[PDB]
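Single-structure report; data block below.
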Amino acid sequence: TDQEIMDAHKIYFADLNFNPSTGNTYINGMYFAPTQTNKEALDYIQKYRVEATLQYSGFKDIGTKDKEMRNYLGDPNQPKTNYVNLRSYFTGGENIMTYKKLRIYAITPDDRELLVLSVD
(Lines give C-alpha, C1' and ligand atoms only; values in the text may rest on other atoms or scores of the structure.)
Protein backbone atom coordinates (compact mmCIF):
# COMPACT_ATOMS: atom_id res chain seq x y z
CA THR A 1 0.00 0.00 0.00
CA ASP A 2 0.98 3.61 -0.58
CA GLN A 3 1.31 4.40 3.12
CA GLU A 4 3.30 1.24 3.91
CA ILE A 5 5.85 2.18 1.25
CA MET A 6 5.79 5.79 2.43
CA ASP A 7 6.50 4.98 6.09
CA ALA A 8 9.23 2.54 4.96
CA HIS A 9 11.21 5.67 3.92
CA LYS A 10 10.79 7.85 7.03
CA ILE A 11 14.17 6.98 8.55
CA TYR A 12 16.95 8.09 6.18
CA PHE A 13 20.50 9.47 6.16
CA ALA A 14 21.89 11.71 3.44
CA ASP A 15 25.32 10.87 2.05
CA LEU A 16 26.87 14.37 1.94
CA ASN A 17 30.19 15.87 0.92
CA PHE A 18 31.14 19.01 2.84
CA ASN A 19 34.01 21.45 2.30
CA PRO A 20 34.76 23.19 5.63
CA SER A 21 37.10 25.87 4.10
CA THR A 22 34.41 26.80 1.60
CA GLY A 23 31.05 25.74 3.02
CA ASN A 24 29.87 23.79 -0.04
CA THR A 25 27.63 20.79 0.81
CA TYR A 26 26.55 18.39 -1.96
CA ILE A 27 24.30 15.32 -1.70
CA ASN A 28 25.69 12.12 -3.25
CA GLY A 29 22.81 9.88 -2.28
CA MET A 30 20.35 8.75 0.35
CA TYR A 31 20.24 5.67 2.60
CA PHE A 32 16.92 4.26 3.75
CA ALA A 33 17.17 2.42 7.07
CA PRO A 34 16.79 -1.40 6.93
CA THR A 35 14.32 -1.89 9.79
CA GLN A 36 12.44 -5.18 10.07
CA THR A 37 9.04 -3.45 10.09
CA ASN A 38 9.80 -1.95 6.67
CA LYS A 39 12.22 -4.42 5.05
CA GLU A 40 9.70 -5.86 2.59
CA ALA A 41 8.44 -2.41 1.56
CA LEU A 42 12.00 -1.33 0.70
CA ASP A 43 12.69 -4.53 -1.28
CA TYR A 44 9.55 -3.68 -3.27
CA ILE A 45 10.74 -0.28 -4.57
CA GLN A 46 13.15 -0.86 -7.46
CA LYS A 47 13.57 2.60 -9.06
CA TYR A 48 13.58 6.18 -7.76
CA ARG A 49 12.70 9.45 -9.51
CA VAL A 50 14.48 12.58 -8.32
CA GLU A 51 13.98 16.30 -8.75
CA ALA A 52 16.84 18.26 -7.19
CA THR A 53 18.46 21.71 -7.29
CA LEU A 54 21.74 21.60 -9.22
CA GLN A 55 24.62 23.93 -8.24
CA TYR A 56 24.62 25.88 -11.52
CA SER A 57 21.34 24.96 -13.20
CA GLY A 58 18.14 25.34 -11.18
CA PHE A 59 15.73 22.94 -9.60
CA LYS A 60 15.26 20.28 -12.26
CA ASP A 61 13.93 16.82 -12.93
CA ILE A 62 17.01 14.59 -13.03
CA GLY A 63 15.15 11.46 -14.09
CA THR A 64 14.65 7.88 -12.92
CA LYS A 65 17.28 5.28 -12.04
CA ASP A 66 17.42 1.90 -10.39
CA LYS A 67 18.19 1.86 -6.71
CA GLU A 68 21.54 0.60 -5.51
CA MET A 69 21.90 -1.89 -2.70
CA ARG A 70 24.58 -0.46 -0.44
CA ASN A 71 25.85 -1.27 3.04
CA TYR A 72 23.83 0.98 5.33
CA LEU A 73 25.75 4.26 5.85
CA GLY A 74 28.72 2.92 3.85
CA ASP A 75 29.54 0.76 6.89
CA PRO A 76 30.70 -2.70 5.73
CA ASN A 77 29.55 -3.76 9.21
CA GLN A 78 25.93 -2.98 8.37
CA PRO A 79 23.61 -4.80 5.94
CA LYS A 80 22.85 -3.60 2.41
CA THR A 81 19.75 -1.47 1.88
CA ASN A 82 17.96 0.97 -0.48
CA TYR A 83 20.43 3.60 -1.70
CA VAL A 84 19.45 6.43 -4.04
CA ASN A 85 22.72 7.16 -5.88
CA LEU A 86 22.04 10.75 -6.92
CA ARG A 87 25.30 11.07 -8.80
CA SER A 88 24.22 8.64 -11.55
CA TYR A 89 21.17 10.79 -12.41
CA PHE A 90 20.80 13.28 -15.31
CA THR A 91 22.64 16.16 -13.61
CA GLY A 92 24.50 17.52 -16.63
CA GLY A 93 27.80 17.18 -14.78
CA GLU A 94 26.58 19.15 -11.80
CA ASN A 95 26.46 18.52 -8.08
CA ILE A 96 23.20 18.56 -6.12
CA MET A 97 22.81 21.32 -3.53
CA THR A 98 22.01 20.31 0.04
CA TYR A 99 19.24 22.18 1.94
CA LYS A 100 17.67 23.43 -1.32
CA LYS A 101 14.51 21.99 -2.89
CA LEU A 102 14.54 18.21 -3.44
CA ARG A 103 11.85 15.60 -4.27
CA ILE A 104 12.44 11.83 -4.30
CA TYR A 105 9.78 9.44 -5.63
CA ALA A 106 9.57 5.70 -5.03
CA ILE A 107 8.54 3.88 -8.22
CA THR A 108 6.49 0.73 -7.79
CA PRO A 109 7.19 -2.17 -10.19
CA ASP A 110 3.83 -1.06 -11.65
CA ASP A 111 5.54 2.31 -12.50
CA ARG A 112 3.51 4.45 -10.08
CA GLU A 113 5.42 7.36 -8.49
CA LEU A 114 4.92 8.11 -4.77
CA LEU A 115 6.66 10.96 -2.92
CA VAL A 116 8.75 9.54 -0.06
CA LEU A 117 11.25 12.36 0.61
CA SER A 118 10.74 16.10 0.33
CA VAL A 119 13.04 19.04 1.09
CA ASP A 120 12.49 22.71 0.27
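Chain lettering (A, B, ...) mirrors the order of the C-alpha coordinates, residue numbering begins at 1 for each chain separately, and ligand numbering begins at 1 in order of display.
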
- Task: Give me the residues within 10 Å of residue 37 (chain A) as a list in words, counting only C-alpha atoms and dropping any in the same chain fewer than 6 places off.
- Result: residues 4, 7 and 8 of chain A

Selection file, N, CA, C and O atoms, as an mmCIF file, in the first residue's frame:
```
data_model
loop_
_atom_site.group_PDB
_atom_site.id
_atom_site.type_symbol
_atom_site.label_atom_id
_atom_site.label_comp_id
_atom_site.auth_asym_id
_atom_site.auth_seq_id
_atom_site.Cartn_x
_atom_site.Cartn_y
_atom_site.Cartn_z
ATOM 1 N N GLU A 4 2.274 2.176 3.463
ATOM 2 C CA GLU A 4 3.300 1.239 3.914
ATOM 3 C C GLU A 4 4.643 1.538 3.256
ATOM 4 O O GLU A 4 5.680 1.591 3.928
ATOM 5 N N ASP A 7 5.888 5.076 4.771
ATOM 6 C CA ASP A 7 6.499 4.980 6.092
ATOM 7 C C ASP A 7 7.835 4.250 6.044
ATOM 8 O O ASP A 7 8.737 4.564 6.825
ATOM 9 N N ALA A 8 7.982 3.285 5.137
ATOM 10 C CA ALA A 8 9.227 2.545 4.960
ATOM 11 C C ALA A 8 10.386 3.405 4.443
ATOM 12 O O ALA A 8 11.454 2.873 4.113
#
```

- Task: Output as number ranges by chain all residues of region 12-113 of chain A that backbone DSSP marks as alpha helix (DSSP H).
- Result: A: 39-44

Please build the interface table for region 81-118 of chain A against region 20-27 of chain A with a cut-off of 12 Å, listing for each qualifying residue the nearest atom pair and the distance in Å to one decimal; count only C-alpha atoms, order rows by chain and increasing number, and write it as CSV.
```
residue,atom,partner,partner_atom,distance
A:84,CA,A:27,CA,10.4
A:85,CA,A:27,CA,9.3
A:86,CA,A:27,CA,7.3
A:87,CA,A:27,CA,8.3
A:88,CA,A:27,CA,11.9
A:94,CA,A:26,CA,9.9
A:95,CA,A:26,CA,6.1
A:96,CA,A:26,CA,5.4
A:97,CA,A:26,CA,5.0
A:98,CA,A:26,CA,5.3
A:99,CA,A:25,CA,8.6
A:100,CA,A:26,CA,10.2
A:101,CA,A:27,CA,11.9
A:102,CA,A:27,CA,10.3
```

- Task: Please indicate the distance in Å from CA of residue 58 (chain A) to CA of residue 103 (chain A), rounded to one decimal place.
- Result: 13.5 Å

- Write out as a list in words each polymer residue whose atoms come within 10 Å of residue 68 (chain A), counting only C-alpha atoms; drop sequence neighbours fewer than 4 positions from it.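 Counting only C-alpha atoms, the residues come to residues 29, 31, 46, 47, 48, 80, 81, 82, 83, 84 and 85 of chain A.
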
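Minimum atom-to-atom distance to residue 28 (chain A), evaluated using only C-alpha atoms, belongs to A:89 out of A:49, A:56, A:89, A:2.
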
- Go through region 44-75 of chain A and collect every residue that DSSP, computed from the backbone, puts in strand (DSSP E); the answer should be as a PyMOL selection string. chain A and resi 47-53+59-66+68-71

Could you take the residues named above and write them with N, CA and C atoms, as a JSON list (two decimals), in the first residue's frame?
```json
[["chain", "number", "residue", "atom", "x", "y", "z"],
["A", 47, "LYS", "N", 13.09, 1.40, -8.40],
["A", 47, "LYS", "CA", 13.57, 2.60, -9.06],
["A", 47, "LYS", "C", 13.19, 3.81, -8.22],
["A", 48, "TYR", "N", 13.91, 4.92, -8.41],
["A", 48, "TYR", "CA", 13.58, 6.18, -7.76],
["A", 48, "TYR", "C", 13.69, 7.34, -8.74],
["A", 49, "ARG", "N", 12.69, 8.22, -8.73],
["A", 49, "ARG", "CA", 12.70, 9.45, -9.51],
["A", 49, "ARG", "C", 13.11, 10.60, -8.61],
["A", 50, "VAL", "N", 13.95, 11.49, -9.13],
["A", 50, "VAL", "CA", 14.48, 12.58, -8.32],
["A", 50, "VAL", "C", 14.32, 13.89, -9.07],
["A", 51, "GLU", "N", 13.87, 14.91, -8.36],
["A", 51, "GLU", "CA", 13.98, 16.30, -8.75],
["A", 51, "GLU", "C", 14.83, 16.99, -7.69],
["A", 52, "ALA", "N", 15.89, 17.68, -8.12],
["A", 52, "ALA", "CA", 16.84, 18.26, -7.19],
["A", 52, "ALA", "C", 17.34, 19.59, -7.75],
["A", 53, "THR", "N", 17.92, 20.42, -6.88],
["A", 53, "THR", "CA", 18.46, 21.71, -7.29],
["A", 53, "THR", "C", 19.96, 21.57, -7.57],
["A", 59, "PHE", "N", 16.53, 24.12, -9.89],
["A", 59, "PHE", "CA", 15.73, 22.94, -9.60],
["A", 59, "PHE", "C", 15.31, 22.29, -10.91],
["A", 60, "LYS", "N", 15.54, 20.99, -11.02],
["A", 60, "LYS", "CA", 15.26, 20.28, -12.26],
["A", 60, "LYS", "C", 14.90, 18.82, -11.98],
["A", 61, "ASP", "N", 14.12, 18.26, -12.88],
["A", 61, "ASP", "CA", 13.93, 16.82, -12.93],
["A", 61, "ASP", "C", 15.23, 16.19, -13.41],
["A", 62, "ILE", "N", 15.80, 15.28, -12.61],
["A", 62, "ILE", "CA", 17.01, 14.59, -13.03],
["A", 62, "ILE", "C", 16.75, 13.13, -13.34],
["A", 63, "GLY", "N", 15.49, 12.73, -13.49],
["A", 63, "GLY", "CA", 15.15, 11.46, -14.09],
["A", 63, "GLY", "C", 14.97, 10.33, -13.10],
["A", 64, "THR", "N", 14.98, 9.11, -13.65],
["A", 64, "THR", "CA", 14.65, 7.88, -12.92],
["A", 64, "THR", "C", 15.78, 6.88, -13.11],
["A", 65, "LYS", "N", 16.19, 6.24, -12.01],
["A", 65, "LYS", "CA", 17.28, 5.28, -12.04],
["A", 65, "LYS", "C", 17.00, 4.18, -11.04],
["A", 66, "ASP", "N", 17.54, 3.00, -11.32],
["A", 66, "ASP", "CA", 17.42, 1.90, -10.39],
["A", 66, "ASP", "C", 18.09, 2.24, -9.07],
["A", 68, "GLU", "N", 20.40, 1.44, -5.83],
["A", 68, "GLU", "CA", 21.54, 0.60, -5.51],
["A", 68, "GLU", "C", 21.26, -0.09, -4.18],
["A", 69, "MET", "N", 21.85, -1.26, -4.01],
["A", 69, "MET", "CA", 21.90, -1.89, -2.70],
["A", 69, "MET", "C", 23.28, -1.60, -2.13],
["A", 70, "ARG", "N", 23.32, -0.90, -1.00],
["A", 70, "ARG", "CA", 24.58, -0.46, -0.44],
["A", 70, "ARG", "C", 24.55, -0.66, 1.05],
["A", 71, "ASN", "N", 25.66, -1.15, 1.60],
["A", 71, "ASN", "CA", 25.85, -1.27, 3.04],
["A", 71, "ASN", "C", 25.37, 0.00, 3.70]]
```

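When only C-alpha atoms are used to measure the gap to residue 43 (chain A), the shortest distance among A:75, A:16, A:118, A:5 belongs to A:5.
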
- Residue among A:30, A:113, A:55, A:9 lying closest to residue 42 (chain A), counting only C-alpha atoms: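 Of all the options, A:9 lies closest to residue 42 (chain A).
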
- State, in Å with one decimal place, the distance from CA of residue 93 (chain A) to CA of residue 76 (chain A).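 Those two atoms sit 28.7 Å apart.
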
- So, counting only C-alpha atoms, which residue among A:57, A:41, A:74, A:79 is closest to residue 13 (chain A)?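 Comparing A:57, A:41, A:74, A:79 against residue 13 (chain A), the winner is A:74.
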
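Minimum distance to residue 45 (chain A) across A:114, A:107, A:73, A:119 (counting only C-alpha atoms) occurs at A:107.
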
- For the atom pair CA of residue 12 (chain A) and CA of residue 72 (chain A), what is the interatomic distance in Å to one decimal place? 9.9 Å
